[PDB]
Structure formats: structure tokens, C-alpha cells
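One chain follows as C-alpha cells, the form deposited in one PDB entry.
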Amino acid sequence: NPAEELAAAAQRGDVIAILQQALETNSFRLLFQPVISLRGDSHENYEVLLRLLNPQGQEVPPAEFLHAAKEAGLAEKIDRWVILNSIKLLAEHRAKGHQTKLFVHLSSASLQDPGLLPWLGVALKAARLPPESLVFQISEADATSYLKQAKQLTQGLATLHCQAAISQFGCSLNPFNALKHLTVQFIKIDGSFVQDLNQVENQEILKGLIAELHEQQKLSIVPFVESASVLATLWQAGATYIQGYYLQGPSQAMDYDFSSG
């Protein structure tokens, strides 16, 4: 019978079967990586990260399950799973007085999905989720390729009391242009700007980027903090938020000791 066969195929390493089954059995796993506030944000900010386990409990490479997801047309549905579970956890936390906020990725498929907003509206209401508890994170490349969808989407999220962010910012031709049309409070700059910081020029480039962002009234998020050296440099440069294994890596628990007033 069908269930027996799906299960058999998944056991065989057919990642498409693994994905189809995981949506129906919670065989995904959410991880959370703290976003650290340098400028006095009270919120407990976490980025959510998705992992997939195969039936034998081992993790399947994201690159491979991402690939299989596009091919089986499963991307929008995966985002929904993450969004739904993110909403659930966030309701339970906020109810226990935790000021927690989650950054959630949207794939380009979801970016182009007219059904997202309507469905989202009811997922939020069903959980009676507090205002501005969710930040949707869209990669620069995607928001750029589909600027029309991105403007519309971010307008909708606004109306829903949701925030938004662009990640991997600053690699396009004119990064700051796409910002004109979009409704985003957060800009998460690409980790390539955090490479070779010893070089004074990279230092200036970073500082200038962060400066332009604060000019456009954006909150800057700088990732890939792997050392004290880089943490200090980012603080000096005036980054509003930072993230990195050095602060804390991804964890299945939201147990981070945020300290920001």
C-alpha cells in the first residue's frame, strides 16, 4: 500500500520520498541560531534553520534535499511547514513572557506564491500571535530577480504586523536600489564582507556599508562572527546586530543567554 511504499522508498535514500514523508511525520528538525543585539534590543532574536533527518536518523545534506525539493515542486510546502512550526513555538514562548522573535527564510518559490499571504494571515490569527514576532528573510538574489513579487509581499507582511529582511546583502550591482521598493526593517549583509578584515580597505568597505544602511534607517545584521577580533571590529563599525558560531552556533534549543537590557 502507498504508505508502506513511501516509507520503503525513503528508507532507500530516495530524497523526494524522504521529503514527502517528512512533511507528514515531522521528520524535519528546526534549529535556532541567536542573533545578538549590540544596540539594546530587548527581544530574544533567533534565526531558524531547517534540517532533514532520514528514517535512520541521519541528517541529509541540505544541498541535496534543497535540490530534490525544487525538482519535486515541494519548496512552498516546506516553507509552510517551517512557518507553521515557527508560529507554534513562538506562541508558546511569548505566552511564557519570553520576548522572542524569529527570522524565517522564504525560498524564491514562496516569494512567487500568491497563496502565501492569505494562508499566512490565518495561520497567524489561529495562534493569536503577537505583533512583530516574525521576520521573514529573503535573499538578495531572490528579491532582486523578483522585485515585483518582493515589493508586494513585503507590503502584505507589513499589513500583517510582520517584519522582513534581506540577507546576503551587497553583492548585486546596485544593492541599495532594490531597497527603494521593499518594506524591510533588517538588512543582513553577505558574509564575504566579513572576510579578510585585517585588510584596512575591507574595514572601510564594511564601515561604509553599515553606514549607508543606518542612513537608510536599516538595522544592520552582520553574520560569520568567528572571533573576538571580528566581534570588536563589528562593534566599532556600528553594526546593530551580529551572529556567528563564536556567539553561539545553531541549536535545537532556544536556550541562549541574551543580555541587552
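Quick note: we count residues from 1 along the sequence shown, nothing fancier. In this text, the rigid core denotes the largest set of C-alpha atoms whose superposition between the two forms falls within 1.5 Å.
Another form exists, solved in complex with a small molecule; not displayed. Remarks below refer to it.
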Have a look at 152-160, 128-136, 178-186, 102-110 and name the one stretch with heavy atoms inside 4.5 Å of the small molecule in the entry with it bound. 102-110
Given the small molecule in the entry with it bound, answer whether the residues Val35, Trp235 and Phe258 all have a heavy atom inside 4.5 Å of it. no
Identify which of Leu231, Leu209, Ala68, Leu49 has a heavy atom within 4.5 Å of the small molecule in the entry with it bound; exactly one of them does. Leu49
I need to confirm a contact call. Of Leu116, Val82, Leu124, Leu74, which residue comes within 4.5 Å of the small molecule in the entry with it bound, counting heavy atoms only? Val82
Please determine whether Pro250 contacts the small molecule in the entry with it bound, using a 4.5 Å cut-off between heavy atoms. yes
Within a 4.5 Å heavy atom cut-off, is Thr144 in contact with the small molecule in the entry with it bound? no
Would you classify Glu226 as touching the small molecule in the entry with it bound, given a 4.5 Å non-hydrogen atom cut-off? yes
Sole residue of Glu59, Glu226, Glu204, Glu212 shifting 2 angstroms or more in CA between this form and the one not shown, core aligned: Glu59
